[PDB]
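A.B. asks: Can you keep this structure in mind? I'll have questions shortly.
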Amino acid sequence: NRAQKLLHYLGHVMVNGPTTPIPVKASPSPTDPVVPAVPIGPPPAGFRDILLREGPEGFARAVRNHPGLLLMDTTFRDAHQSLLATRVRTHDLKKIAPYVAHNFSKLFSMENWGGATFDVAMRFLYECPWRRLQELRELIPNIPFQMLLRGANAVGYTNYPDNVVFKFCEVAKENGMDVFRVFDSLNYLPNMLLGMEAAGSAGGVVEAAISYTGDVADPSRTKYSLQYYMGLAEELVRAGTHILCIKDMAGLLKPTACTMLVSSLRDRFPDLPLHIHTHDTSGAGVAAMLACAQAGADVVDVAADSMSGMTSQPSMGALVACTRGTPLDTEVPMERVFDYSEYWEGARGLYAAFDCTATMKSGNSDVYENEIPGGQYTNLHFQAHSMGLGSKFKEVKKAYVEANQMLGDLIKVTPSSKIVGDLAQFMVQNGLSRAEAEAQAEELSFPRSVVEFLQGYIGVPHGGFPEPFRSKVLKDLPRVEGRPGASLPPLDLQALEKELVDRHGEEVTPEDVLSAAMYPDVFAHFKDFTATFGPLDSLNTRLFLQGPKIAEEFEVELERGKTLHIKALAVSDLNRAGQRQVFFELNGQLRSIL
Amino acid sequence: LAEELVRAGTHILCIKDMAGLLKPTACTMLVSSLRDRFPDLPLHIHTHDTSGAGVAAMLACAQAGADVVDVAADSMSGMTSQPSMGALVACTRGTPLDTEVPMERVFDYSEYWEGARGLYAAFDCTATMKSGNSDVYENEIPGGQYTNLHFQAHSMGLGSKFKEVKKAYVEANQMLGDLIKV
Amino acid sequence: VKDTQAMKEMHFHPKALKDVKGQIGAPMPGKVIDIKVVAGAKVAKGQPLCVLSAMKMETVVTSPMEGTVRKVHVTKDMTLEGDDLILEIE
Ligand SMILES: *C(=O)CCCC[C@@H]1SC[C@@H]2NC(=O)N[C@@H]21
Ligand SMILES: *C(=O)CCCC[C@@H]1SC[C@@H]2NC(=O)N[C@@H]21
């Protein structure tokens with residue numbers, strides 16, 4: 001009945017339209033990206049074999065001792081939200097996997113998943129993230145993976161019980177996951193320690209990143225000076241890690257800030273390899289990255305050529321070409337880079353319905369005032385469009401700075417910009433100003449997420465937050481003090497299995513149990529929709545994306561040996577009750593669908 | 001060539017790069033070399049942010065010996081345009097070079113162009129240039145012609161095979177030999 | 001010539017005036033999750049009575065003043081736009 005469900009789904013697409021909200025009304029171009037020819041032999045040996053033969057420490061000093069520079073390709077998680085709306089299907093994604101496995105072995109580790117990827121693959125993308133990792137394990141048995149997790153609340157946007165985090169982390173490492181990334185929205189050390197010990201308990205490389213905010217070279221900047229970074233770094237290194245990293249979403253790392261920070265950090269840790277993560281939003285990310293590489297850099301995050309710049313990471317080509325006659329010696333051929341960029345340039349036009357460069361269109365200087373995360377700009381644009389503030393997109397972000405000033409200058413990355421994003425959206429939706437919103441902050445109803453932030457469920461900020469505002473908003477509400485997770489009542493997920501089985505579960509795996517316990521309602525949405533319309537993420541991205549016309553013969557490989565050729569022969573009209581009929585041709589069979 | 005030019009008699013000397021092929025090493029070596037026997041004559045550099053790292057090379061040239069620098073407005077920068085105002089103004093804050101120009105005013109000057117560029121919807125980089133392309137080393141295509149070249153090719157009707165037109169350019173160059181095209 | 005085939009479109013949607021404080025408006029557009037107050041019931045200062053849901057947003061309505069409600073313009077599960085008449089408190 002699977003083929004019938006697929007035909008029903010395609011007909012519903014053709015007559016009704018795509019279910020997912022389309023930000024920009026554009027038709028994907030019928031240009032098939034070229035799949036590069038790959039070698040027949042097995043993938044080469046990178047650094048996965050070294051870690052498999054050794055412990056985490058072996059991989060650590062293997063990274064540390066190596067003469068050269070290590071490349072963090074981010075053309076699979078970063079680039080999505082940096083350019084698109086993290087709105088890429090997996091079907092075309094498994095079209096360079098043999099090529100990445102075979103040609104690319106000098107690559108350090110790959111950024112496979114993300115919390116955003118999980119949310120989109122549970123809400124809009126009708127796929128299963130555990131599967132997304134599962135089929136990708138066997139296509140590249142060469143390179144370790146890297147996945148972005150955080151300390152207190154693993155995958156959701158609010159804190160979660162410790163045992164729950166323990167079970168996600170263990171199961172994820174079990175699936176074949178390689179490297180764990182952990183951070184926290186604030187500088188809250190207990191959250192970082194919880195994430196570190198979770199990553200160790202799973203067993204593997206534990207890499208520590210810390211957010212960089214403000215100018216560390218400006219004498220005026222006093223809240224976040226060099227010493228505040230240094231003390232926090234000392235705390236983190238005594239906590240226990242393998243690789244030390246820096247988080248820079250806005251990409252505010254000047255060349256001077258680059259050199260001073262790198263020299264200061266390496267000054268007393270010439271043992272830990274260093275990881276750098278940044279976005280080329282200012283337009284001068286490449287020179288700063290070059291200076292960082294010169295000084296002490298060890299791992300450098302670099303984007304693919306055709307999804308680079310703008311709000312993304314620096315491209316492969318510039319970094320490779322500049323580091324030619326230097327001892328740094330990236331030593332990576334660029335001819336392969338050309339074809340990889342050509343494939344992505346072809347594939348990017350497939351997703352044109354949601355493209356920030358329609359609004360973005362340029363380098364966008366003047367971000368030091370905005371200080372908007374690179375991975376959140378397009379998401380805010382989309383949500384403003386959905387609420388209906390897309391026309392006043394510039395005005396919405398004009399209100400981001402004032403909200404930041406309302407709750408003060410604090411580090412903002414994942415659950416730390418979206419709340420301020422809600423603040424700015426409220427600011428423009430009620431079309432009001434800052435000072436009086438502060439004045440009449442008692443009666444004026446405020447978004448619930450802001451209230452939860454003031455409650456302190458996320459944690460305590462490094463610099464605090466104003467007292468009159470929290471008093472006028474929190475008012476008479478009970479307040480959680482310290483680390484809420486420690487006092488948080490741990491929840492049990494065994495009854496989740498039984499409830500799922502007795503409601504709609506017949507072969508639910510523990511990973512599905514985890515996904516449901518994480519995001520239950522949307523998990524029910526996924527599962528009960530995929531039950532009716534059949535198994536998705538088996539057809540071409542473009543074919544579903546347009547699916548606009550009849551007398552088009554297209555084959556869907558739901559199973560191997562089942563071509564499922566589909567020819568939309570004709571489409572009928574309304575018979576009696578607003579129900580139409582469509583003509584399909586199977587591989588050899590006619591079907592009349594209603 | 002430079003010594004012949006200086007023996008002829010000029011006032012300022014300029015270095016032109018359509019494709020933007022001044023690597024930072026080539027930047028510093030060339031600029032220092034020219035400054036070696038003429039720490040008196042004015043020097044000019046004009047390049048195009050075609051590859052994508054033109055800001056780094058421009059910074060290196062400025063540090064070594066550069067005198068005058070060509071930089072475009074932020075909204076008319078990148079892609080295949082010239083380096084942006086924002087990068088050069090921002091990086092030279094705690095730097096002895098000290099551009100020292102109000103960056104707030106450059107912001108509004110850039111915003112004007114960001115708004116105004118939308119009128120010429122017919123004339124743009126468009127889908128051929130979603131992202132800044134490398135392989136400009138392999139192409140040797142001047143950045144000043146790419147737009148006119150595409151307009152002309154579409155005018156004949158080669159916009160569809162615009163891709164093959166440009167990968168024929170390098171064979172054309174070697175068939176006539178490696179000569180400078182401006 | 002004044003055209004008689006205009007067929008002016010009727011839309012209801014009770015707009016909440018800003019001058020009147022008793023009238024209640026929606027901070028955001030969206031759909032009502034639930035209502036906590038039935039008509040002819042008593043409301044308190046700083047007490048929640050309605051909850052709004054969006055694509056990825058949730059808002060809970062906080063009572064403006066003290067008194068009793070007269071009618072609930074919104075019943076349940078409807079598409080609400082911002083700053084429209086939903087309840088009045090007296
Ligand atoms: C919902 O549609 C998906 C999440 C959109 C928000 C994403 S998540 C990761 C980035 N960080 C942020 O604040 N917004 C972006
Ligand atoms: C005709 O369409 C206008 C003149 C075309 C030549 C121009 S000159 C400046 C650009 N650089 C180049 O090589 N061609 C373009």
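Lettering and numbering for the structure tokens are positional, with chains as A, B, ... in the shown order, residues counted from 1 in each chain, and ligands counted from 1 in the shown order.
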Ligand 1: which residues are within 9 Å, counting only C-alpha atoms and all ligand atoms? Reply as JSON, numbers by chain.
C.D. replies: {"A": [81, 82, 85, 86, 114, 115, 116, 117, 118, 119, 120, 123, 124, 373, 374, 375, 376, 377, 378, 379, 380, 382, 383, 412, 413, 414, 415, 416, 417, 418, 419, 421], "C": [55, 56]}
A.B. asks: Next, the residues of the selection above should be written as a PDB file, in the first residue's frame with C-alpha atoms.
C.D. replies:
ATOM      1  CA  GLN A  81      20.777  28.212   8.781  1.00  0.00           C
ATOM      2  CA  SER A  82      23.546  30.542   7.658  1.00  0.00           C
ATOM      3  CA  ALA A  85      16.281  28.179   6.731  1.00  0.00           C
ATOM      4  CA  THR A  86      17.988  24.865   7.597  1.00  0.00           C
ATOM      5  CA  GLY A 114      22.428  19.789  14.961  1.00  0.00           C
ATOM      6  CA  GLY A 115      19.704  20.713  17.389  1.00  0.00           C
ATOM      7  CA  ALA A 116      18.185  22.847  14.645  1.00  0.00           C
ATOM      8  CA  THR A 117      18.411  19.870  12.281  1.00  0.00           C
ATOM      9  CA  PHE A 118      16.570  17.733  14.831  1.00  0.00           C
ATOM     10  CA  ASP A 119      13.831  20.333  15.323  1.00  0.00           C
ATOM     11  CA  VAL A 120      13.333  20.848  11.586  1.00  0.00           C
ATOM     12  CA  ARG A 123       8.503  19.682  12.646  1.00  0.00           C
ATOM     13  CA  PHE A 124       8.717  20.405   8.910  1.00  0.00           C
ATOM     14  CA  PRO A 373      23.651  35.841  15.297  1.00  0.00           C
ATOM     15  CA  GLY A 374      24.607  34.549  11.877  1.00  0.00           C
ATOM     16  CA  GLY A 375      22.556  31.391  12.381  1.00  0.00           C
ATOM     17  CA  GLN A 376      19.421  33.245  13.504  1.00  0.00           C
ATOM     18  CA  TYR A 377      19.007  36.144  11.044  1.00  0.00           C
ATOM     19  CA  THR A 378      17.095  34.202   8.399  1.00  0.00           C
ATOM     20  CA  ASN A 379      15.088  32.323  11.033  1.00  0.00           C
ATOM     21  CA  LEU A 380      13.936  35.616  12.549  1.00  0.00           C
ATOM     22  CA  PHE A 382      10.969  33.778   8.433  1.00  0.00           C
ATOM     23  CA  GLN A 383       9.134  34.012  11.745  1.00  0.00           C
ATOM     24  CA  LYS A 412      23.380  35.457  23.035  1.00  0.00           C
ATOM     25  CA  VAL A 413      23.535  32.267  21.022  1.00  0.00           C
ATOM     26  CA  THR A 414      20.730  29.701  20.974  1.00  0.00           C
ATOM     27  CA  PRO A 415      18.232  30.290  23.858  1.00  0.00           C
ATOM     28  CA  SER A 416      19.628  33.760  24.302  1.00  0.00           C
ATOM     29  CA  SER A 417      18.812  35.498  21.026  1.00  0.00           C
ATOM     30  CA  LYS A 418      15.448  33.860  20.330  1.00  0.00           C
ATOM     31  CA  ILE A 419      14.053  35.321  23.547  1.00  0.00           C
ATOM     32  CA  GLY A 421      14.091  38.055  19.197  1.00  0.00           C
TER      33      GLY A 421
ATOM     34  CA  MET C  55       3.910  28.723  14.621  1.00  0.00           C
ATOM     35  CA  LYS C  56       6.671  28.675  17.262  1.00  0.00           C
TER      36      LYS C  56
END
A.B. asks: Excluding residue 491 in chain A and any residue of its chain fewer than 2 positions from it, enumerate the residues within 10 Å of it, using only C-alpha atoms, and give them as a count of residues only.
C.D. replies: 10
A.B. asks: Between CA of residue 10 in chain A and CA of residue 547 in chain A, what is the distance in Å, rounded to a tenth?
C.D. replies: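 These two atoms are separated by 7.5 Å.
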A.B. asks: Within 9 Å of chain A, which residues of chain B are there when counting only C-alpha atoms? Please give them as a PyMOL selection string.
C.D. replies: chain B and resi 23-25+51-57+59+74-79+83-88+90-91+93-95+103-104+107+110+114+127+129-135
A.B. asks: Any idea what the distance is between CA of residue 4 in chain A and CA of residue 87 in chain A?
C.D. replies: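 Computing it gives 26.8 Å between the two atoms.
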A.B. asks: Please give me, as a list in words, the residues lying within 10 Å of ligand 2 when counting only C-alpha atoms and all ligand atoms.
C.D. replies: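 The distance check yields residues 18, 141, 142, 143, 144, 145, 146, 147, 148, 149, 150, 151, 152, 155, 181 and 182 of chain B.
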A.B. asks: One decimal, in Å: what's the spacing between CA of residue 2 in chain B and CA of residue 172 in chain B?
C.D. replies: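 Here the two named atoms are 28.9 Å from each other.
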A.B. asks: Would you give me, as a PyMOL selection string, the residues of chain C that come within 7 Å of chain A, using only C-alpha atoms?
C.D. replies: chain C and resi 27+29+58-62+64
A.B. asks: Generate a file of the selected residues that holds N, CA, C and O atoms, formatted as a PDB file, in the first residue's frame.
C.D. replies:
ATOM      1  N   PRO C  27      -1.928  40.673  22.060  1.00  0.00           N
ATOM      2  CA  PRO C  27      -0.557  41.173  21.857  1.00  0.00           C
ATOM      3  C   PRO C  27       0.055  40.712  20.548  1.00  0.00           C
ATOM      4  O   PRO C  27       0.766  41.485  19.894  1.00  0.00           O
ATOM      5  N   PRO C  29      -0.872  38.065  16.877  1.00  0.00           N
ATOM      6  CA  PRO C  29      -1.833  37.202  16.192  1.00  0.00           C
ATOM      7  C   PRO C  29      -1.579  35.742  16.529  1.00  0.00           C
ATOM      8  O   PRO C  29      -0.513  35.368  17.021  1.00  0.00           O
ATOM      9  N   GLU C  58       4.245  31.190  21.948  1.00  0.00           N
ATOM     10  CA  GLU C  58       3.152  31.040  22.896  1.00  0.00           C
ATOM     11  C   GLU C  58       3.061  32.288  23.763  1.00  0.00           C
ATOM     12  O   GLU C  58       4.078  32.790  24.253  1.00  0.00           O
ATOM     13  N   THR C  59       1.843  32.790  23.941  1.00  0.00           N
ATOM     14  CA  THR C  59       1.587  33.979  24.743  1.00  0.00           C
ATOM     15  C   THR C  59       0.402  33.712  25.659  1.00  0.00           C
ATOM     16  O   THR C  59      -0.594  33.122  25.231  1.00  0.00           O
ATOM     17  N   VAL C  60       0.513  34.143  26.912  1.00  0.00           N
ATOM     18  CA  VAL C  60      -0.534  33.962  27.911  1.00  0.00           C
ATOM     19  C   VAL C  60      -1.075  35.343  28.260  1.00  0.00           C
ATOM     20  O   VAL C  60      -0.303  36.256  28.581  1.00  0.00           O
ATOM     21  N   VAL C  61      -2.394  35.503  28.195  1.00  0.00           N
ATOM     22  CA  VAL C  61      -3.014  36.803  28.430  1.00  0.00           C
ATOM     23  C   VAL C  61      -3.129  37.062  29.926  1.00  0.00           C
ATOM     24  O   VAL C  61      -3.629  36.223  30.689  1.00  0.00           O
ATOM     25  N   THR C  62      -2.665  38.240  30.342  1.00  0.00           N
ATOM     26  CA  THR C  62      -2.699  38.684  31.729  1.00  0.00           C
ATOM     27  C   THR C  62      -3.757  39.769  31.884  1.00  0.00           C
ATOM     28  O   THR C  62      -3.834  40.695  31.070  1.00  0.00           O
ATOM     29  N   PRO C  64      -5.901  42.960  32.728  1.00  0.00           N
ATOM     30  CA  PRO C  64      -5.435  44.346  32.893  1.00  0.00           C
ATOM     31  C   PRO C  64      -5.792  44.958  34.235  1.00  0.00           C
ATOM     32  O   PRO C  64      -4.981  45.701  34.800  1.00  0.00           O
TER      33      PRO C  64
END
A.B. asks: Do a neighbour search on residue 13 in chain C at 12 Å with only C-alpha atoms, toss out local chain neighbours closer than 5 positions, and write the hits as a PyMOL selection string.
C.D. replies: chain C and resi 25+73-74+78-86
A.B. asks: From the DSSP assignment of the backbone, select every residue of range 62-181 of chain B that is strand (DSSP E or B), and format the answer as a list in words.
C.D. replies: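 For range 62-181 of chain B, the strand (DSSP E or B) set is residues 68, 69, 72, 77, 82 and 84 of chain B.
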